[PDB]
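Trainee: Mind having a look at this structure? Questions to follow.
Note: ideal-geometry Cβ built from the backbone for every residue, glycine included; neighbour counts use all protein chains shown. A short reminder: the numbers here are calculations on the coordinates, not readings from a lab.
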Ligand SMILES: *Cc1cc2c(cc1C)nc1c(=O)[nH]c(=O)nc-1n2C[C@H](O)[C@H](O)[C@H](O)COP(=O)(O)OP(=O)(O)OC[C@H]1O[C@@H](n2cnc3c(N)ncnc32)[C@H](O)[C@@H]1O
Ligand code: HEM
Ligand SMILES: O=C(Nc1ccccc1)c1ccccc1I
Ligand code: SF4
Ligand code: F3S
Ligand code: FES
């Protein structure tokens, strides 16, 4: 029996058996670092989708960008409502920008103790709300 | 029968046990080129030796210049001259060789200025044959040595083609006309029964602490190999000698290492007195285990109790440097806090002497061959070996020296491999076994699995445990031992009035713990009867009736003027206990210790002397 | 025994620090050259991003190849779009600026 | 009388039709020990002798106890019971693992991965081995602290979400930490080829510093940090 053969025979044993996989998301305790990793994935997917929607409209949809903005003004929405549209753009952008630095700090092998994840984690979370409210006010 | 499937395996050599003893024997056999199968009920890491904290002895001369012969003397003196010196010679000489082997396997030993394996003072070790003061030969991985030892031995065992039967409860030895053929084992995973046969069989199952109510050992230290030897009719040795480690948490009974006493730790009573200086003058609180804990159990019965209920004592690390505690002993720093809530830096640890090491086990050669006692002489059982706490070469004698058992593990595990390697080659025909062999072992399983009784396993285990705890304790008198002997005999007849519940095949922990109870009881019977039969005080076994050390001579005065006491009239001999399985009767015999060494000119025999550190 | 999987990881961190540097540089200096390099880093980083998600969730030999192909065609068409937007329209920087004062 | 409720996952493969379900046990805490396992042992011995689990030392060094109590992967002998009687303690088997029976997981693959990294000392020419102790400075010894202590309880690897999804191909923290444990071991000569063994998207690069491993470790170690330190070596090694 070898290492590779052990795994190879582990899978045959279980996948053809009436054994149940134990609960995981149903039961495992939610923590800030774990939940904040979920949001980083979400915001990444959310952002790239937006960027793709922007490119795949430059090649596909008619007109120019100035014509498109003049079509947004057609709805002449409330200044608060246009601020809400603006805030929902920067919020997922900023979170990912701040937490992205936190990931890059980690990659340097720095700030990887359990207290530090809740410290810098809040510091990312707080920087987010501030830089999003800050940028939407321009 | 026929309700069960049989799967007969064929191998060169079987090793029953995945501790340090078992692993070293297992992979060592594979290294010699043998088709070796290791049969273990636990995963190798989970094996107890992982709990070992103190260290591993070897006269490497890393702290001060040292001779392995000095280590020889200290082991035999500690054995209260029940230690067979042919085995001690072999162990103490291979000691440096075997340790340097482990450091080369990759065992992360602590280091010093020189970059050599850090050694430190330990329980009852001296230089210049007991004259040169304190000896520093305990090589350690800073309070987690057995953990590293087991992990590196296991780690290195993946280099070879050893077939690991992980989570397999071995039931009985495959036996035919005295000759051992291997083992019959239950596969915990699916309930199946497997007959693993070989030309040789190594038995390294470790001790049987769980016979008593309070021990330091694992829940799985159930003397299973001892029972397999028992049920084969083959004798057990010195099973009444049970080590009481002086320091263990008053609560759940977890261990606080003797390394605490070697690094500068002192034991404090109810008045705050350095009370070990009152008994031992030369070694003080770093004396032999058979005397230190017996001085402690004395203090409990005095009325000088040191606790909320005046039942336990203290181990003090109040005056120890906090800088040293972080480096040398971090494993006790956590476990004292978790099991008691004790800051090892500010507060003293509440300690109580409880069961730790089983001296006896399976009679064995210095080479490691299991012995039956025929015609008042010795006979090597063919293809049967034993090593570790499971065995009894009696390299420890009446009292095991501190940090020698992990050495005992490596050395004699290794020895078992060499004995097989030299006596026969791999590919030698495996002796074939009967079609209806180990048939009663399966029936012992089946009858127990569908057991309609009245006293469930858990209840009977406790009845055995607390009995041993008050009868076969630190001190023992004839009257108390006599009650204990028929009290333990009582519960053997109860071993059919037992009610089991779980009646499945896959992982019946209910069934295996009951099989463990049969093995624990078979251990218990021989343990208590040997103590009642022995009418002297020797090492760990101390009779209050006969506090005299009875030898072939009165070794207090010169040897010349006396005539030798007849062998059947003195008590310097090995207890050979047998027990009938059906009646539960403990009939026992005796055989002499070995005094001659492997070479007199290289290592002199140490004649019996006065016993006090 | 070439080390390709390690270099890919290093590459991903390199574009991250480049894209981190670009977002303030594009604010301070919003030029046509900044438009293209922003389109270059943005599409690449995201492509390697979703790539990580695909290797994580999309199990199976046959299904994973199609997902990687889909992601490649998507990223190609995205980078093409952004470059077309930089060349034949206002350009990312100036388009973002216009969108903001609205 | 101080009664505490325990909700425990139970599935018996020796009963046809029986599917996964919870079972509650009531226990007086003044009769019982302070640790979770003490309660698991108490109900096994007194209430229901079918609760099949793994236990050995009850000391926190063997790693049998590994299970998910109240959403966290720790040792049952290290987690002390919540004296809060208003709360019911939930005992579960280690997350996303094939249940053999009641809280007993199939760790075969987990061990099998550990075998693949070769957790033993490797010297380029060990024809002189066995006879002389290898030299190592006190400083080079500290480089191993926080790494060897790992008892392979499989709490950390089983807490990682990447190991939940890609357990087949990704090694997980437990195994990866030991890979590092042997990487900076000064005695080992095979440091370059050990890193080259991780040159694929799955073996090492399924880590995304989710950090559940460090957070759940019963022995207090930091597997993630050691993984992060591997990644750095993987980028900055010649040849
Ligand atoms: C209890 C204890 C002992 C101890 C110690 C600390 C504690 C808490 N610290 C020590 C130390 O610092 N230095 C030292 O020299 N000794 C120390 N000790 C004593 C020593 O550790 C033990 O005597 C020794 O480790 C015993 O090891 P051994 O290899 O002989 O046995 P094991 O560790 O208990 O492993 C047993 C293996 O056998 C298998 N087994 C048991 N029964 C079966 C059956 N039924 N079928 C199949 N396999 C079986 C187990 O699976 C296990 O792997
Ligand atoms: C300039 C600010 C940004 C920084 C610092 C940054 C950095 C990072 C890093 C380091 C990761 C990998 C996380 C890890 O270490 O495992 C990541 C993930 C990702 N990012 Fe960015 N990024 C930024 C902007 C963006 C933008 C604008 C987009 C949209 C086009 C984007 C899309 C993604 C995607 C799709 C992932 C994959 C999610 C994952 O693997 O978990 N990022 N980011
Ligand atoms: O799998 C992930 N989701 C997940 C995390 C926790 C619980 C459930 C799902 C995840 C999230 C972020 C980064 C990488 C990953 I592999
Ligand atoms: S690093 Fe900690 S949590 Fe992970 S396997 Fe080792 S002991 Fe368990
Ligand atoms: S929980 Fe995770 S993804 Fe990496 S940091 Fe730990 S293994
Ligand atoms: S049983 Fe050994 S760690 Fe809990």
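Trainee: State the antiparallel share, in %, of DSSP beta bridges confined to chain B, rounding to the nearest 5. Walk me through the numbers on the way to the answer.
Mentor: Values: 45 of 69 bridges.
Of the beta bridges lying entirely in chain B, close to 65 percent run antiparallel.
Trainee: From other protein chains only, count the Cβ atoms within 10 Å of every residue's Cβ in B:555-563, then give the mean.
Mentor: Details: counts 0, 0, 0, 0, 0, 0, 0, 0, 0.
Whole-number average of other-chain Cβ neighbours for B:555-563 is 0.
Trainee: So how tilted is helix B:145-157 from the main axis of chain B? Cα-based, degrees 0 to 90, rounded to 10.
Mentor: 40 degrees
Trainee: Determine by what factor the alpha-carbon radius of gyration of the protein assembly as shown differs from 2.2 N^0.38 Å, reporting the quotient.
Mentor: On the way: Rg = 33.1 Å, N = 1092, 2.2 N^0.38 = 31.4 Å.
This ratio for the protein assembly as shown stands at 1.06.
Trainee: Can you order the peptides C:63-70, A:7-14 by their average number of other Cβ atoms within 10 Å per residue, highest first? Please report the intermediate quantities before stating the final value.
Mentor: Numbers: C:63-70: 12.6, A:7-14: 14.9.
Order by mean packing, descending: A:7-14, C:63-70.
Trainee: What spacing in nm lies between the two simple spin-label points modelled at residue A:82 and residue A:113, each 7 Å away from Cα in the Cβ direction?
Mentor: 5.0 nm
Trainee: Using alpha carbons only, how many angstrom separate the centre of the stretch B:300-327 from the centre of the stretch D:60-95?
Mentor: When both Cα centres are located, 30 Å separates them.
Trainee: Something else: Is there a simple number for the mean count of other chain Cβ atoms within 10 Å of the Cβ of residues in C:37-43, and what is it?
Mentor: Working: counts 0, 0, 3, 0, 0, 5, 4.
Mean shielding by partner chains, rounded to a whole number: 2.
Trainee: May I pose another question? For chain B, what is the calculated [θ] at 222 nm in deg cm²/dmol (nearest 500), taking -39500 (n - 2.57) for each run of four or more DSSP H residues and dividing by its residue count? Intermediate results must be reported in sequence, preceding the final value.
Mentor: Numbers: 14 runs with 184 residues, N = 613.
-9500 deg cm²/dmol, from helical runs alone.
Trainee: Provide the FRET efficiency to the nearest 0.05 for the residue B:585-residue B:501 pair, computing r from the beta carbons and using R0 = 22 Å. Working shown, then result.
Mentor: Working: r = 31 Å, r/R0 = 1.39.
It comes to 0.10.
Trainee: Take the alpha carbon atoms of the stretch B:400-449, find their center, do the same for the stretch B:107-147, and report the distance between the two centers in whole angstrom.
Mentor: Comparing the Cα centres of the stretch B:400-449 and the stretch B:107-147, I get a distance of 32 Å.
Trainee: Right, something else. When Cβ neighbours within 10 Å are restricted to other protein chains, what is their mean count per residue of peptide D:208-216?
Mentor: Working: counts 6, 9, 7, 12, 6, 0, 5, 7, 3.
Mean number of neighbouring Cβ atoms from other chains: 6.
Trainee: Another question, then. How compact is chain C by the rule of thumb for globular proteins, expressed as Cα Rg over 2.2 N^0.38 Å?
Mentor: Values: Rg = 16.2 Å, N = 102, 2.2 N^0.38 = 12.8 Å.
In units of the 2.2 N^0.38 Å rule of thumb, it is 1.27.
Trainee: Does anyone have the angle between helix B:478-493 and the longest principal axis of chain B? Alpha-carbon axes, 0 to 90°, nearest 10?
Mentor: On a 0 to 90 degree scale, this one is about 30.
Trainee: Evaluate the stretch B:432-548: find the radius of gyration of its Cα atoms, find its Kirkwood radius, and give the ratio Rg to Rh.
Mentor: On the way: Rg = 17.5 Å, Rh = 15.9 Å.
Rounded to two decimals, Rg/Rh equals 1.10.
Trainee: In percent, what relative contact order does the stretch B:306-391 have, based on Cα pairs under 8 Å that are 6 or more apart in sequence?
Mentor: This gives 24 percent for the stretch B:306-391.
Trainee: Using the 10 angstrom Cβ neighbour count as an exposure proxy, how do B:122, B:412, A:87 rank, fewest first? Don't skip to the answer; put the middle values down first.
Mentor: Details: B:122 26, B:412 32, A:87 14.
By the 10 Å Cβ count, ascending, the order reads A:87, B:122, B:412.
Trainee: Still on this structure, please answer the following. How far is it, in nm, from the label point at residue B:439 to the one at residue B:578 when both lie 7 Å from their Cα along the line to the Cβ?
Mentor: Each label point lies 7 Å from its Cα, and together they span 2.4 nm.
Trainee: Quick one: which of B:428-438, A:111-121, D:224-234 comes out on top by average Cβ neighbours within 10 Å, and what's the full order, highest first? Working shown, then result.
Mentor: Numbers: B:428-438: 13.6, A:111-121: 15.8, D:224-234: 20.7.
Taking the mean over residues of other Cβ atoms within 10 Å, the ranking is D:224-234, A:111-121, B:428-438.
Trainee: Here's another thing I want to ask about it. Counting only C-alpha contacts under 8 Å and six or more residues apart, can you give the relative contact order of chain D as a whole percent?
Mentor: Relative contact order of chain D: 18 percent.
Trainee: Here's a follow-up. Note the angle between two axes, namely the Cα long axis of helix B:439-449 and the longest principal axis of the Cα atoms of chain B, as a number of degrees from 0 to 90, rounded to the nearest 10.
Mentor: Once rounded, one gets 80 degrees.
Trainee: Still on this structure: Using the Cα gyration tensor of chain B, with a ≥ b ≥ c the square roots of its eigenvalues, what is the shape: rounded (a/c below 1.5), prolate (a/b larger than b/c) or oblate (neither)?
Mentor: Because its axes are fairly even, with a/c under 1.5, chain B counts as rounded.
Trainee: Given R₀ = 25 Å, FRET efficiency for residue A:8-residue C:8 by Cβ-Cβ distance, to 0.05? It would help to have the intermediate numbers written out before the result.
Mentor: Working: r = 28 Å, r/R0 = 1.10.
Between residue A:8 and residue C:8 the formula returns 0.35.
Trainee: Please report the antiparallel percentage of the DSSP beta bridges confined to the protein assembly as shown, to the nearest 5.
Mentor: Values: 62 of 89 bridges.
Close to 70 percent.
Trainee: With the Cα gyration tensor of the stretch A:40-133 giving a ≥ b ≥ c as the square roots of its eigenvalues, does the rule (a/c under 1.5 for rounded; else a/b larger than b/c for prolate; else oblate) give rounded, prolate or oblate? Walk me through the numbers on the way to the answer.
Mentor: Values: a/c = 4.61, a/b = 1.99, b/c = 2.32.
Verdict is oblate for the stretch A:40-133.
Trainee: Take the alpha-carbon centre of the stretch A:79-138, take the same for the stretch B:236-270, and report the distance between them in whole Å.
Mentor: 56 Å
Trainee: Here's a follow-up. Cβ neighbours within 10 Å, averaged per peptide: list B:478-488, B:196-206 in order, most packed at the top.
Mentor: Values: B:478-488: 17.1, B:196-206: 29.5.
With the highest mean Cβ count within 10 Å placed first, the list reads B:196-206, B:478-488.
Trainee: Note down the relative contact order for chain A as a percent, whole number, built from C-alpha pairs under 8 angstrom at least six residues apart.
Mentor: Once normalised by length, the contact order is 33 percent.
Trainee: Which order results if D:183, B:505, B:296 are arranged by neighbouring Cβ count within 10 Å, fewest first?
Mentor: Details: D:183 20, B:505 17, B:296 24.
Ranked by crowding around the Cβ, least crowded first: B:505, D:183, B:296.
Trainee: Using a Gaussian network model of chain D with C-alpha springs under 10 Å, which one of D:79, D:141, D:194 is most mobile by mean-square fluctuation?
Mentor: D:141
Trainee: Just rank B:476, B:449, B:46, fewest to most, by other beta-carbon atoms within 10 angstrom. Could the numbers behind the result be given before it?
Mentor: Numbers: B:476 23, B:449 19, B:46 27.
Least to most surrounded, the residues fall as B:449, B:476, B:46.
Trainee: Using r as the Cβ-Cβ distance of residue B:277 and residue D:46, and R0 as 45 Å, what FRET efficiency do you calculate, to the nearest 0.05? Can you show the working numbers first?
Mentor: Details: r = 46 Å, r/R0 = 1.02.
With a Förster radius of 45 Å, E is 0.45.
Trainee: Which distance in nm do the two modelled labels at residue D:235 and residue B:375 give, with both placed 7 Å along the Cα-to-Cβ direction?
Mentor: 7.8 nm
Trainee: When a/c reaches 1.5 or more, the comparison of a/b and b/c decides; with that in mind, is the stretch B:249-352 rounded, prolate or oblate per its Cα gyration tensor? Display every interim value, and only then the final one.
Mentor: On the way: a/c = 1.78, a/b = 1.26, b/c = 1.42.
The shape class here is oblate.
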